[PDB]
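Shown next, in C-alpha cells, is the structure this report addresses.
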Amino acid sequence: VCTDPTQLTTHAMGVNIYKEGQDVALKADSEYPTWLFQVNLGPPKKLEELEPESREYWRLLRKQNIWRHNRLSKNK
Amino acid sequence: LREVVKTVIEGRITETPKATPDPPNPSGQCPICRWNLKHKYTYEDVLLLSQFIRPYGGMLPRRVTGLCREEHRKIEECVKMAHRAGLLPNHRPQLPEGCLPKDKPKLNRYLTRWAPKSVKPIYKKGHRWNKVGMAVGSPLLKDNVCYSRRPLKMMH
Amino acid sequence: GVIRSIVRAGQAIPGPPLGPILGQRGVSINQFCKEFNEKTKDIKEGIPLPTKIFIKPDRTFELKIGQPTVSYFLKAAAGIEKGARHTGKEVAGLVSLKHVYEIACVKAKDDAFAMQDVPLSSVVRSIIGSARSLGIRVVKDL
Amino acid sequence: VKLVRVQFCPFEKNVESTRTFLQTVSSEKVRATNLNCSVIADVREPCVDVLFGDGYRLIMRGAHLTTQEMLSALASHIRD
Amino acid sequence: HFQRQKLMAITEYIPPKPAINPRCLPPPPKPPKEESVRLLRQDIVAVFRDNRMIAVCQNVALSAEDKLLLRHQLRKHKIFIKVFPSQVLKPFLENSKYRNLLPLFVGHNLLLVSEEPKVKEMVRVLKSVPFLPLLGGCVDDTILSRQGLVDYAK
RNA sequence: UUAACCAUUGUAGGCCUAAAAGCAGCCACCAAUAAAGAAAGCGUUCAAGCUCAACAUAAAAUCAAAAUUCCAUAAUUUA
Ligand code: FES
C-alpha cells in the first residue's frame, strides 16, 4: 500500500483498495463542493456548543438524560 | 355508564341521574367538600355510602367519583365496616352460579376495623400494667366531630 | 432473529463464534459458510465485513452484507494491527482530514447502516467516533 | 380468526376507541399470534366485524364501547 | 417522677387548625404555563407550511432505522418522513397557521409530508402496507378521510 | 417523582481476550434518526438474548395516638 506523504495527501489511497478498484487520484480542492471539506471535524458538540434551537441540542440532551438514569441505575 | 348487551354483542352508553342541584357549598373540589360533609359522616350513614358502591358491594373507582383521596380512604373504611356489620343486605357478594353461604349462625357485629377472619384471639389479656388494648374504630375517622367531653376510646 | 457478525471474509468457518451460535437456534452450518464464501469472492479476503443474518423460526437464511468496516480500515490506515490496551488516551497513528472524507464518500453507497444521508456530518461523526474508540487521533492536517 | 374487519370515518366524527383498537389488530406481534387473520384497514358510527370459518361472526361498534372491551371480547373468541 | 413527665407533654406545641385542607380548597390560582418543546414548534411549523397535503397512517410499531430508509425511499418519491414527538404535536395548532386541526391529529401516527401534487407517488406509499389504519391526507390542509383522500388526492 | 407502553441502524467499536459484541477484562464516550445509553440490572461455551432508561400515550402532590392458672368486669357521644 501507499507509504509516501506526498502520495497520501495528493491521492485518494483510502477511497478504494479492492483489486478491481484502483486507487484514484485526488482532484483539486475547488473541484469538490465546499461542503465536502467544510464538515464538522472538531470534537463532539457539547451542550454549550450546541445551539439551543437546533435538533441536535435536544437530541444529545436526551442522551445526557439517559446517562443520568444509567449512572443512578448502575448504583441502584 | 356503559352497559353491554349480548355471537354479536352491542353496548349502549346510557344517561345517568344527576346530583341534586344547588350544592350547599359550591366551589368545592370534592363532592364531600361541596356538601360540607368532611367530618359528619359515619359507617352508619349507608345512604351516603351506597352512592359510591357497586351493586354487589364493590368499591367504585376514585376517578369516577371525583372525591379527594382523604375521603376515598374514609368512605372505603366506612363501607367495609357496614358490610361486616350486615348493614348492606342489597350489596352482598354475588353467588357465581349456584353457591350458597356458610348456612351457619351469623354473629352480630359492629364497629369492626378488621375482618374477623384474620384476627386471632388474645389468650393473654395482661395485668393492670400489662393489659392488652383492643383497637375499636378507624384511625382514618379521627378528624370527625365528637360530641363527647373527651375523645372517644379507640382502644378497648 | 437478527444476528450480526463482523467476521473477516478470509475465513468462512471460524467455528464457535459463528457455527454453533447459529446452530443453537437450529440452522445448517455448511449453508451459512457457503454463502459467506460467495460474499468473500466478491470482496477482498481478510477484511472484516458486517453481516445482518436473520434467523427466522422457519430455519431460513437471510444474509445481508455491506461496505467493509471503517473501524478496521482506520487501524490499517494508522498502521496499527493490534491497538493499545486502553486506547482512550493512547494514540499510535494520525489521520489527515482529506483521508477522512475520501473514505466517507464511498461509505455512502449501501442500503444498510443508514448510508443514504445527504449531509456528510453524520458520516464523519461515526468514523470520528470510531476513531475515538480506536487508538487513533484524527488531526485536521499533519 | 380468519378475517377481522375494522372501519371508521376520520372526516366525520371519529371515535378514538375503534381507531386505537384497529392499531392493536394491525400490530406485527398481534398479527403473528393470530396468523390466520386477514387484516384490512377499512377506515374511510364505526362498525367492526370479525369473521370466523365456523360461521361465528361478532360485530362490534366502538361508538359506545371502549377499546379494552373490544380487545377482551375479540381475544376471548380467539381461544374459542 | 410523675411531675417531670407532665412537663414534657406541656412542651408540645399547639398548632392552629387551617380552615380548609389543600385538596378541599376552593380553586386557587396556579403557576402560569411555560413553553419549555419550543424548538419542536419551529420544526413542525416549517414542515406543515412547506407541505400542503399530509398523508397520515398510524405507525405499525415501525423501527427507527426503517424510517431513515423510508425517508430515503420517499426521497425517491420526492417526499420526506419528517415526524416528531406527539406531546408537542398537540400544541402545534395553538401556535401555527391553523388552530382547528387538533381532532385530526389525535393519537401518534406517521406523518407523510409532501409539497408537490404527485398523486402516484403518494399512493405508492399507501401500496406498501394498507393494513395499518390510514386516516387520510389533509389535501390543501383540509380535513379528509381515507376515502376522502382518494376523492381529493386527484 | 410514578404510575403505562415500547424498543431501530452504524461498529461484533479498539484491548493480551480462542471469543467475548452495552453487558471477562479494557476503552474513550460519538451519529443518524421522532427515539436508543457506545449501556443500567439480567443472560452469558462467546453471542443470540429479558427488561430499565429512549420516544410517543396514563394519572397523582410532616409522624401517630419459659415451663401450676388468663387475670376486675366492661365500655367509642345529652351539653
Ligand atoms: S372535602 Fe374537599 S377535597 Fe375532600
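Residues in the C-alpha cells are numbered from 1 in each chain, the chains being A, B, ... in the order shown, and ligands are numbered from 1 in the order shown.
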Set the cut-off to 10 Å, count only C-alpha atoms (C1' of nucleotides) and all ligand atoms, and list whatever residues fall near ligand 1 as an mmCIF file with N, CA, C and O atoms, in the first residue's frame.
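Once everything was written out, this is part.cif:
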data_model
loop_
_atom_site.group_PDB
_atom_site.id
_atom_site.type_symbol
_atom_site.label_atom_id
_atom_site.label_comp_id
_atom_site.auth_asym_id
_atom_site.auth_seq_id
_atom_site.Cartn_x
_atom_site.Cartn_y
_atom_site.Cartn_z
ATOM 1 N N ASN B 25 -72.264 23.938 49.447
ATOM 2 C CA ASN B 25 -71.004 24.680 49.417
ATOM 3 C C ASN B 25 -70.397 24.560 48.027
ATOM 4 O O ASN B 25 -69.492 23.745 47.802
ATOM 5 N N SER B 27 -68.020 25.608 44.779
ATOM 6 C CA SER B 27 -66.579 25.826 44.695
ATOM 7 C C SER B 27 -65.782 24.718 45.372
ATOM 8 O O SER B 27 -64.553 24.826 45.479
ATOM 9 N N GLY B 28 -66.441 23.656 45.833
ATOM 10 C CA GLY B 28 -65.737 22.556 46.469
ATOM 11 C C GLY B 28 -65.167 21.602 45.436
ATOM 12 O O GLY B 28 -65.883 21.132 44.545
ATOM 13 N N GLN B 29 -63.869 21.317 45.553
ATOM 14 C CA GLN B 29 -63.221 20.432 44.591
ATOM 15 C C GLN B 29 -63.818 19.030 44.639
ATOM 16 O O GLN B 29 -64.050 18.411 43.593
ATOM 17 N N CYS B 30 -64.075 18.513 45.841
ATOM 18 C CA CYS B 30 -64.619 17.175 46.005
ATOM 19 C C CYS B 30 -66.081 17.239 46.439
ATOM 20 O O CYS B 30 -66.495 18.195 47.102
ATOM 21 N N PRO B 31 -66.891 16.236 46.084
ATOM 22 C CA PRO B 31 -68.309 16.279 46.485
ATOM 23 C C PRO B 31 -68.499 16.418 47.983
ATOM 24 O O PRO B 31 -69.417 17.118 48.427
ATOM 25 N N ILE B 32 -67.651 15.766 48.780
ATOM 26 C CA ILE B 32 -67.722 15.935 50.228
ATOM 27 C C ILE B 32 -67.425 17.381 50.600
ATOM 28 O O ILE B 32 -68.100 17.971 51.453
ATOM 29 N N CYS B 33 -66.413 17.974 49.967
ATOM 30 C CA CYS B 33 -66.151 19.396 50.163
ATOM 31 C C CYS B 33 -67.334 20.236 49.705
ATOM 32 O O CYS B 33 -67.700 21.220 50.361
ATOM 33 N N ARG B 34 -67.945 19.863 48.580
ATOM 34 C CA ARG B 34 -69.064 20.634 48.054
ATOM 35 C C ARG B 34 -70.247 20.621 49.013
ATOM 36 O O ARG B 34 -70.998 21.600 49.098
ATOM 37 N N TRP B 35 -70.439 19.518 49.734
ATOM 38 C CA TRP B 35 -71.604 19.335 50.586
ATOM 39 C C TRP B 35 -71.303 19.563 52.064
ATOM 40 O O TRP B 35 -72.177 19.327 52.905
ATOM 41 N N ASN B 36 -70.100 20.027 52.399
ATOM 42 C CA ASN B 36 -69.716 20.270 53.791
ATOM 43 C C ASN B 36 -69.903 19.016 54.641
ATOM 44 O O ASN B 36 -70.398 19.078 55.768
ATOM 45 N N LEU B 37 -69.505 17.866 54.098
ATOM 46 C CA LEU B 37 -69.685 16.581 54.762
ATOM 47 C C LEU B 37 -68.362 15.967 55.206
ATOM 48 O O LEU B 37 -68.285 14.752 55.404
ATOM 49 N N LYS B 38 -67.319 16.781 55.368
ATOM 50 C CA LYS B 38 -65.994 16.233 55.642
ATOM 51 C C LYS B 38 -65.973 15.438 56.943
ATOM 52 O O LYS B 38 -65.401 14.343 56.999
ATOM 53 N N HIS B 39 -66.591 15.968 58.000
ATOM 54 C CA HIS B 39 -66.454 15.419 59.345
ATOM 55 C C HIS B 39 -67.800 15.048 59.960
ATOM 56 O O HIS B 39 -67.947 15.060 61.184
ATOM 57 N N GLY B 66 -64.652 11.221 41.745
ATOM 58 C CA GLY B 66 -64.101 12.559 41.733
ATOM 59 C C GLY B 66 -63.743 13.114 43.093
ATOM 60 O O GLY B 66 -63.187 14.217 43.166
ATOM 61 N N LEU B 67 -64.041 12.393 44.171
ATOM 62 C CA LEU B 67 -63.710 12.865 45.506
ATOM 63 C C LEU B 67 -62.213 12.724 45.770
ATOM 64 O O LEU B 67 -61.511 11.927 45.140
ATOM 65 N N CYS B 68 -61.726 13.518 46.719
ATOM 66 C CA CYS B 68 -60.309 13.515 47.044
ATOM 67 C C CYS B 68 -59.923 12.222 47.761
ATOM 68 O O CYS B 68 -60.767 11.482 48.274
ATOM 69 N N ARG B 69 -58.613 11.960 47.791
ATOM 70 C CA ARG B 69 -58.118 10.698 48.333
ATOM 71 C C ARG B 69 -58.504 10.528 49.796
ATOM 72 O O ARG B 69 -58.841 9.420 50.230
ATOM 73 N N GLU B 70 -58.455 11.610 50.576
ATOM 74 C CA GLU B 70 -58.737 11.502 52.004
ATOM 75 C C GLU B 70 -60.128 10.929 52.242
ATOM 76 O O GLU B 70 -60.309 10.028 53.070
ATOM 77 N N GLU B 71 -61.128 11.440 51.523
ATOM 78 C CA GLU B 71 -62.475 10.897 51.651
ATOM 79 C C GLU B 71 -62.559 9.479 51.103
ATOM 80 O O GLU B 71 -63.314 8.657 51.631
ATOM 81 N N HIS B 72 -61.795 9.174 50.052
ATOM 82 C CA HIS B 72 -61.825 7.830 49.482
ATOM 83 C C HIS B 72 -61.450 6.789 50.527
ATOM 84 O O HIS B 72 -62.127 5.763 50.672
ATOM 85 N N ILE E 20 -59.502 25.164 55.587
ATOM 86 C CA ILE E 20 -59.816 24.165 54.573
ATOM 87 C C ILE E 20 -58.535 23.445 54.175
ATOM 88 O O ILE E 20 -57.480 24.070 54.022
ATOM 89 N N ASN E 21 -58.631 22.128 54.007
ATOM 90 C CA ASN E 21 -57.484 21.345 53.582
ATOM 91 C C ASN E 21 -57.134 21.667 52.129
ATOM 92 O O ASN E 21 -57.997 22.087 51.353
ATOM 93 N N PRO E 22 -55.870 21.478 51.735
ATOM 94 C CA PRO E 22 -55.480 21.853 50.364
ATOM 95 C C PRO E 22 -56.295 21.160 49.287
ATOM 96 O O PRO E 22 -56.636 21.787 48.276
ATOM 97 N N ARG E 23 -56.620 19.878 49.470
ATOM 98 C CA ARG E 23 -57.408 19.172 48.464
ATOM 99 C C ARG E 23 -58.812 19.754 48.359
ATOM 100 O O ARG E 23 -59.327 19.952 47.251
ATOM 101 N N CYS E 24 -59.444 20.035 49.495
ATOM 102 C CA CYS E 24 -60.790 20.590 49.529
ATOM 103 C C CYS E 24 -60.808 22.112 49.453
ATOM 104 O O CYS E 24 -61.851 22.717 49.725
ATOM 105 N N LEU E 25 -59.695 22.743 49.088
ATOM 106 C CA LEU E 25 -59.661 24.189 48.976
ATOM 107 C C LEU E 25 -60.507 24.639 47.786
ATOM 108 O O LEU E 25 -60.713 23.879 46.837
ATOM 109 N N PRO E 26 -61.011 25.871 47.812
ATOM 110 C CA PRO E 26 -61.595 26.432 46.600
ATOM 111 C C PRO E 26 -60.534 26.581 45.531
ATOM 112 O O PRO E 26 -59.339 26.746 45.839
#
Inset, instruction - Mind the document's chain letters and residue numbers, and return as a ChimeraX atom specification the residues of chain D that DSSP labels strand (DSSP E or B). - result: /D:3-6,38-41,48-51,57-60
Would you put the residues from that selection into a file with N, CA and C atoms, as a CSV table (one decimal), in the first residue's frame?
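The resulting again_24.csv:
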chain,number,residue,atom,x,y,z
D,3,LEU,N,-60.6,-13.6,9.5
D,3,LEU,CA,-60.7,-12.2,9.0
D,3,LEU,C,-61.2,-11.3,10.1
D,4,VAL,N,-60.6,-10.1,10.1
D,4,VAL,CA,-61.1,-9.1,11.0
D,4,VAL,C,-61.3,-7.8,10.2
D,5,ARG,N,-62.5,-7.2,10.4
D,5,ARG,CA,-62.9,-6.0,9.6
D,5,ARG,C,-63.1,-4.9,10.6
D,6,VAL,N,-62.4,-3.8,10.4
D,6,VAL,CA,-62.5,-2.6,11.2
D,6,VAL,C,-62.5,-1.4,10.3
D,38,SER,N,-56.9,-12.2,8.4
D,38,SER,CA,-56.6,-11.3,7.3
D,38,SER,C,-57.0,-9.9,7.7
D,39,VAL,N,-56.0,-9.1,7.9
D,39,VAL,CA,-56.3,-7.7,8.4
D,39,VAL,C,-56.5,-6.8,7.2
D,40,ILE,N,-57.4,-5.8,7.5
D,40,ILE,CA,-57.8,-4.9,6.4
D,40,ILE,C,-58.2,-3.6,7.2
D,41,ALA,N,-57.6,-2.5,6.7
D,41,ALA,CA,-58.0,-1.1,7.3
D,41,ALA,C,-59.1,-0.5,6.4
D,48,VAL,N,-67.3,-2.7,13.5
D,48,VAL,CA,-66.3,-3.7,13.4
D,48,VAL,C,-66.9,-5.1,13.3
D,49,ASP,N,-66.5,-5.8,12.3
D,49,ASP,CA,-66.9,-7.2,12.1
D,49,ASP,C,-65.8,-8.1,12.0
D,50,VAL,N,-65.8,-9.2,12.7
D,50,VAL,CA,-64.8,-10.3,12.7
D,50,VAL,C,-65.5,-11.6,12.2
D,51,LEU,N,-64.9,-12.2,11.2
D,51,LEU,CA,-65.5,-13.4,10.5
D,51,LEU,C,-64.7,-14.6,10.8
D,57,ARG,N,-69.8,-15.0,13.8
D,57,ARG,CA,-69.5,-13.6,13.4
D,57,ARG,C,-69.9,-12.7,14.6
D,58,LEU,N,-68.9,-11.8,15.0
D,58,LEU,CA,-69.1,-10.9,16.1
D,58,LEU,C,-68.9,-9.5,15.5
D,59,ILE,N,-70.0,-8.6,15.6
D,59,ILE,CA,-70.0,-7.3,15.1
D,59,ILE,C,-69.9,-6.3,16.3
D,60,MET,N,-69.0,-5.4,16.3
D,60,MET,CA,-68.7,-4.5,17.4
D,60,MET,C,-68.7,-3.1,16.9
Inset, instruction - From a DSSP calculation on the backbone, collect every residue of chain D in helix (DSSP H, G or I) and output the set as number ranges by chain. - result: D: 16-25, 28-33, 67-79
I'd like the neighbourhood of region 49-62 of chain A as a PDB file with N, CA, C and O atoms (P, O5', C5', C4', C3', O3' and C1' of nucleotides), in the first residue's frame, where a residue qualifies if any of its atoms comes within 12 Å (using only C-alpha atoms (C1' of nucleotides)), though same-chain residues fewer than 5 positions away should be ignored.
ATOM      1  N   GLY A  42     -14.371  18.965  14.283  1.00  0.00           N
ATOM      2  CA  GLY A  42     -13.980  19.215  15.648  1.00  0.00           C
ATOM      3  C   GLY A  42     -14.554  18.199  16.611  1.00  0.00           C
ATOM      4  O   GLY A  42     -15.166  17.204  16.212  1.00  0.00           O
ATOM      5  N   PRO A  43     -14.365  18.430  17.907  1.00  0.00           N
ATOM      6  CA  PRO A  43     -14.875  17.495  18.912  1.00  0.00           C
ATOM      7  C   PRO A  43     -16.391  17.510  18.945  1.00  0.00           C
ATOM      8  O   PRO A  43     -17.024  18.423  18.393  1.00  0.00           O
ATOM      9  N   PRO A  44     -17.013  16.514  19.574  1.00  0.00           N
ATOM     10  CA  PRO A  44     -18.480  16.465  19.598  1.00  0.00           C
ATOM     11  C   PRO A  44     -19.074  17.728  20.200  1.00  0.00           C
ATOM     12  O   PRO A  44     -18.586  18.254  21.203  1.00  0.00           O
ATOM     13  N   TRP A  67     -28.066   9.219  30.342  1.00  0.00           N
ATOM     14  CA  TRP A  67     -26.840   8.981  31.098  1.00  0.00           C
ATOM     15  C   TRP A  67     -27.088   9.103  32.595  1.00  0.00           C
ATOM     16  O   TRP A  67     -26.586   8.293  33.384  1.00  0.00           O
ATOM     17  N   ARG A  68     -27.858  10.113  33.006  1.00  0.00           N
ATOM     18  CA  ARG A  68     -28.123  10.311  34.428  1.00  0.00           C
ATOM     19  C   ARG A  68     -28.838   9.103  35.021  1.00  0.00           C
ATOM     20  O   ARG A  68     -28.481   8.624  36.103  1.00  0.00           O
ATOM     21  N   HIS A  69     -29.856   8.594  34.323  1.00  0.00           N
ATOM     22  CA  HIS A  69     -30.560   7.412  34.810  1.00  0.00           C
ATOM     23  C   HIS A  69     -29.638   6.200  34.841  1.00  0.00           C
ATOM     24  O   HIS A  69     -29.673   5.407  35.790  1.00  0.00           O
TER      25      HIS A  69
ATOM     26  N   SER C 121     -22.120  15.185   7.603  1.00  0.00           N
ATOM     27  CA  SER C 121     -21.855  15.345   9.029  1.00  0.00           C
ATOM     28  C   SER C 121     -22.113  14.050   9.785  1.00  0.00           C
ATOM     29  O   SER C 121     -21.355  13.689  10.693  1.00  0.00           O
ATOM     30  N   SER C 122     -23.187  13.339   9.435  1.00  0.00           N
ATOM     31  CA  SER C 122     -23.466  12.067  10.091  1.00  0.00           C
ATOM     32  C   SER C 122     -22.358  11.054   9.824  1.00  0.00           C
ATOM     33  O   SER C 122     -21.935  10.330  10.733  1.00  0.00           O
TER      34      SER C 122
ATOM     35  N   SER E  36     -41.647  24.965  27.378  1.00  0.00           N
ATOM     36  CA  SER E  36     -40.268  24.531  27.574  1.00  0.00           C
ATOM     37  C   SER E  36     -39.571  24.303  26.238  1.00  0.00           C
ATOM     38  O   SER E  36     -40.083  24.685  25.187  1.00  0.00           O
ATOM     39  N   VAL E  37     -39.283  21.877  23.856  1.00  0.00           N
ATOM     40  CA  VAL E  37     -40.656  21.894  23.369  1.00  0.00           C
ATOM     41  C   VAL E  37     -40.849  23.089  22.440  1.00  0.00           C
ATOM     42  O   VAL E  37     -41.516  22.985  21.411  1.00  0.00           O
ATOM     43  N   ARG E  38     -40.261  24.230  22.812  1.00  0.00           N
ATOM     44  CA  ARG E  38     -40.326  25.406  21.952  1.00  0.00           C
ATOM     45  C   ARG E  38     -39.584  25.173  20.642  1.00  0.00           C
ATOM     46  O   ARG E  38     -40.020  25.642  19.584  1.00  0.00           O
ATOM     47  N   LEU E  39     -38.458  24.460  20.693  1.00  0.00           N
ATOM     48  CA  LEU E  39     -37.728  24.147  19.469  1.00  0.00           C
ATOM     49  C   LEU E  39     -38.590  23.331  18.517  1.00  0.00           C
ATOM     50  O   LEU E  39     -38.636  23.600  17.311  1.00  0.00           O
ATOM     51  N   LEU E  40     -39.287  22.325  19.047  1.00  0.00           N
ATOM     52  CA  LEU E  40     -40.076  21.441  18.198  1.00  0.00           C
ATOM     53  C   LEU E  40     -41.160  22.208  17.450  1.00  0.00           C
ATOM     54  O   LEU E  40     -41.592  21.779  16.374  1.00  0.00           O
ATOM     55  N   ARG E  41     -41.599  23.347  17.990  1.00  0.00           N
ATOM     56  CA  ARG E  41     -42.603  24.154  17.300  1.00  0.00           C
ATOM     57  C   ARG E  41     -42.116  24.564  15.917  1.00  0.00           C
ATOM     58  O   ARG E  41     -42.845  24.441  14.926  1.00  0.00           O
ATOM     59  N   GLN E  42     -40.878  25.056  15.831  1.00  0.00           N
ATOM     60  CA  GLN E  42     -40.351  25.504  14.547  1.00  0.00           C
ATOM     61  C   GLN E  42     -40.297  24.360  13.544  1.00  0.00           C
ATOM     62  O   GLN E  42     -40.621  24.542  12.364  1.00  0.00           O
ATOM     63  N   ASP E  43     -39.889  23.171  13.992  1.00  0.00           N
ATOM     64  CA  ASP E  43     -39.736  22.047  13.076  1.00  0.00           C
ATOM     65  C   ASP E  43     -41.073  21.656  12.453  1.00  0.00           C
ATOM     66  O   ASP E  43     -41.172  21.474  11.234  1.00  0.00           O
ATOM     67  N   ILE E  44     -42.116  21.522  13.276  1.00  0.00           N
ATOM     68  CA  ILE E  44     -43.426  21.147  12.751  1.00  0.00           C
ATOM     69  C   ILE E  44     -44.021  22.290  11.935  1.00  0.00           C
ATOM     70  O   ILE E  44     -44.671  22.064  10.908  1.00  0.00           O
ATOM     71  N   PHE E  84     -42.182  14.060  14.543  1.00  0.00           N
ATOM     72  CA  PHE E  84     -41.630  14.491  15.818  1.00  0.00           C
ATOM     73  C   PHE E  84     -42.544  14.005  16.931  1.00  0.00           C
ATOM     74  O   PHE E  84     -43.683  13.600  16.671  1.00  0.00           O
ATOM     75  N   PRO E  85     -42.073  14.022  18.178  1.00  0.00           N
ATOM     76  CA  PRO E  85     -42.906  13.545  19.289  1.00  0.00           C
ATOM     77  C   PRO E  85     -44.269  14.222  19.312  1.00  0.00           C
ATOM     78  O   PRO E  85     -44.397  15.420  19.049  1.00  0.00           O
TER      79      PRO E  85
ATOM     80  P     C F  30     -18.826  12.553  23.776  1.00  0.00           P
ATOM     81  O5'   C F  30     -19.512  13.053  22.428  1.00  0.00           O
ATOM     82  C5'   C F  30     -20.362  12.193  21.682  1.00  0.00           C
ATOM     83  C4'   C F  30     -19.752  11.824  20.353  1.00  0.00           C
ATOM     84  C3'   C F  30     -20.637  12.022  19.129  1.00  0.00           C
ATOM     85  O3'   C F  30     -20.634  13.357  18.651  1.00  0.00           O
ATOM     86  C1'   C F  30     -19.699   9.862  19.065  1.00  0.00           C
ATOM     87  P     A F  31     -22.000  14.057  18.170  1.00  0.00           P
ATOM     88  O5'   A F  31     -22.358  13.312  16.807  1.00  0.00           O
ATOM     89  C5'   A F  31     -23.190  12.161  16.808  1.00  0.00           C
ATOM     90  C4'   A F  31     -23.558  11.737  15.409  1.00  0.00           C
ATOM     91  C3'   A F  31     -25.046  11.773  15.072  1.00  0.00           C
ATOM     92  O3'   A F  31     -25.486  13.043  14.624  1.00  0.00           O
ATOM     93  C1'   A F  31     -24.188   9.649  14.536  1.00  0.00           C
ATOM     94  P     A F  32     -27.030  13.460  14.778  1.00  0.00           P
ATOM     95  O5'   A F  32     -27.802  12.473  13.794  1.00  0.00           O
ATOM     96  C5'   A F  32     -27.719  12.639  12.385  1.00  0.00           C
ATOM     97  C4'   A F  32     -28.232  11.425  11.649  1.00  0.00           C
ATOM     98  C3'   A F  32     -29.720  11.133  11.784  1.00  0.00           C
ATOM     99  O3'   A F  32     -30.523  11.911  10.913  1.00  0.00           O
ATOM    100  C1'   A F  32     -28.500   9.149  12.154  1.00  0.00           C
ATOM    101  P     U F  33     -31.037  13.367  11.359  1.00  0.00           P
ATOM    102  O5'   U F  33     -32.624  13.270  11.242  1.00  0.00           O
ATOM    103  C5'   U F  33     -33.404  12.707  12.288  1.00  0.00           C
ATOM    104  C4'   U F  33     -33.506  11.207  12.169  1.00  0.00           C
ATOM    105  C3'   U F  33     -34.793  10.588  12.695  1.00  0.00           C
ATOM    106  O3'   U F  33     -35.835  10.618  11.734  1.00  0.00           O
ATOM    107  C1'   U F  33     -32.887   9.313  13.389  1.00  0.00           C
ATOM    108  P     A F  34     -37.079  11.628  11.872  1.00  0.00           P
ATOM    109  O5'   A F  34     -37.301  11.796  13.440  1.00  0.00           O
ATOM    110  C5'   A F  34     -37.223  13.082  14.044  1.00  0.00           C
ATOM    111  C4'   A F  34     -37.805  13.090  15.436  1.00  0.00           C
ATOM    112  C3'   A F  34     -37.010  12.312  16.484  1.00  0.00           C
ATOM    113  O3'   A F  34     -37.061  12.995  17.735  1.00  0.00           O
ATOM    114  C1'   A F  34     -39.203  11.439  16.344  1.00  0.00           C
ATOM    115  P     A F  35     -35.967  12.676  18.867  1.00  0.00           P
ATOM    116  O5'   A F  35     -36.379  11.226  19.375  1.00  0.00           O
ATOM    117  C5'   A F  35     -36.742  10.987  20.726  1.00  0.00           C
ATOM    118  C4'   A F  35     -36.432   9.567  21.117  1.00  0.00           C
ATOM    119  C3'   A F  35     -34.992   9.126  20.878  1.00  0.00           C
ATOM    120  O3'   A F  35     -34.149   9.429  21.976  1.00  0.00           O
ATOM    121  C1'   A F  35     -36.467   7.571  19.879  1.00  0.00           C
ATOM    122  P     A F  36     -32.555   9.493  21.794  1.00  0.00           P
ATOM    123  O5'   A F  36     -32.123   7.971  21.605  1.00  0.00           O
ATOM    124  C5'   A F  36     -30.752   7.621  21.448  1.00  0.00           C
ATOM    125  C4'   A F  36     -30.459   6.229  21.951  1.00  0.00           C
ATOM    126  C3'   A F  36     -29.680   5.341  20.967  1.00  0.00           C
ATOM    127  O3'   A F  36     -28.736   4.473  21.609  1.00  0.00           O
ATOM    128  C1'   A F  36     -31.707   4.293  21.542  1.00  0.00           C
ATOM    129  P     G F  37     -28.153   4.717  23.086  1.00  0.00           P
ATOM    130  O5'   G F  37     -27.556   6.196  23.051  1.00  0.00           O
ATOM    131  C5'   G F  37     -27.712   7.102  24.139  1.00  0.00           C
ATOM    132  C4'   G F  37     -27.110   6.602  25.433  1.00  0.00           C
ATOM    133  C3'   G F  37     -25.902   5.685  25.330  1.00  0.00           C
ATOM    134  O3'   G F  37     -24.703   6.388  25.057  1.00  0.00           O
ATOM    135  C1'   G F  37     -27.409   4.880  26.989  1.00  0.00           C
ATOM    136  P     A F  53     -38.653   2.444  31.823  1.00  0.00           P
ATOM    137  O5'   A F  53     -37.448   3.451  31.539  1.00  0.00           O
ATOM    138  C5'   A F  53     -36.970   4.328  32.551  1.00  0.00           C
ATOM    139  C4'   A F  53     -35.619   4.903  32.202  1.00  0.00           C
ATOM    140  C3'   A F  53     -35.588   5.893  31.047  1.00  0.00           C
ATOM    141  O3'   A F  53     -35.983   7.203  31.417  1.00  0.00           O
ATOM    142  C1'   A F  53     -33.855   4.316  30.769  1.00  0.00           C
ATOM    143  P     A F  54     -37.008   8.033  30.496  1.00  0.00           P
ATOM    144  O5'   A F  54     -36.245   8.203  29.106  1.00  0.00           O
ATOM    145  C5'   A F  54     -36.220   7.147  28.157  1.00  0.00           C
ATOM    146  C4'   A F  54     -35.694   7.598  26.821  1.00  0.00           C
ATOM    147  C3'   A F  54     -36.752   8.076  25.834  1.00  0.00           C
ATOM    148  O3'   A F  54     -37.067   9.449  25.993  1.00  0.00           O
ATOM    149  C1'   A F  54     -35.427   6.425  24.802  1.00  0.00           C
ATOM    150  P     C F  55     -38.410   9.892  26.755  1.00  0.00           P
ATOM    151  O5'   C F  55     -39.381  10.351  25.579  1.00  0.00           O
ATOM    152  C5'   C F  55     -38.887  11.111  24.486  1.00  0.00           C
ATOM    153  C4'   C F  55     -39.401  10.587  23.170  1.00  0.00           C
ATOM    154  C3'   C F  55     -40.908  10.428  23.060  1.00  0.00           C
ATOM    155  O3'   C F  55     -41.558  11.651  22.766  1.00  0.00           O
ATOM    156  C1'   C F  55     -39.840   8.491  22.219  1.00  0.00           C
TER     157        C F  55
END
Skip residue 64 (chain C) itself and residues of its chain fewer than 2 positions away, then list as a short mmCIF file (atom, residue, chain, number, x, y, z; two decimals) with N, CA and C atoms, in the first residue's frame all residues within 8 Å of it, counting only C-alpha atoms (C1' of nucleotides).
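Result saved to result_23.cif:
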data_model
loop_
_atom_site.label_atom_id
_atom_site.label_comp_id
_atom_site.auth_asym_id
_atom_site.auth_seq_id
_atom_site.Cartn_x
_atom_site.Cartn_y
_atom_site.Cartn_z
N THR C 51 -22.31 -8.31 8.74
CA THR C 51 -23.42 -9.07 8.18
C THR C 51 -24.64 -8.92 9.08
N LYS C 52 -25.82 -9.09 8.50
CA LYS C 52 -27.09 -8.90 9.19
C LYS C 52 -27.99 -10.11 8.97
N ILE C 53 -27.44 -11.31 9.19
CA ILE C 53 -28.23 -12.53 9.02
C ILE C 53 -29.45 -12.49 9.93
N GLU C 62 -31.25 -15.29 5.73
CA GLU C 62 -31.42 -14.02 5.02
C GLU C 62 -30.14 -13.22 5.24
N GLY C 66 -22.63 -5.39 3.72
CA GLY C 66 -22.43 -4.01 3.31
C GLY C 66 -20.98 -3.63 3.09
#
Inset, instruction - Find the residues of chain C in contact range of chain F, meaning any atom within 10 Å when counting only C-alpha atoms (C1' of nucleotides), and list them as an NGL selection string. - result: :C and (1-7 or 14 or 16-18 or 20-22 or 24-25 or 50-51 or 55 or 69-72 or 75 or 82-90 or 112-117 or 121-136)
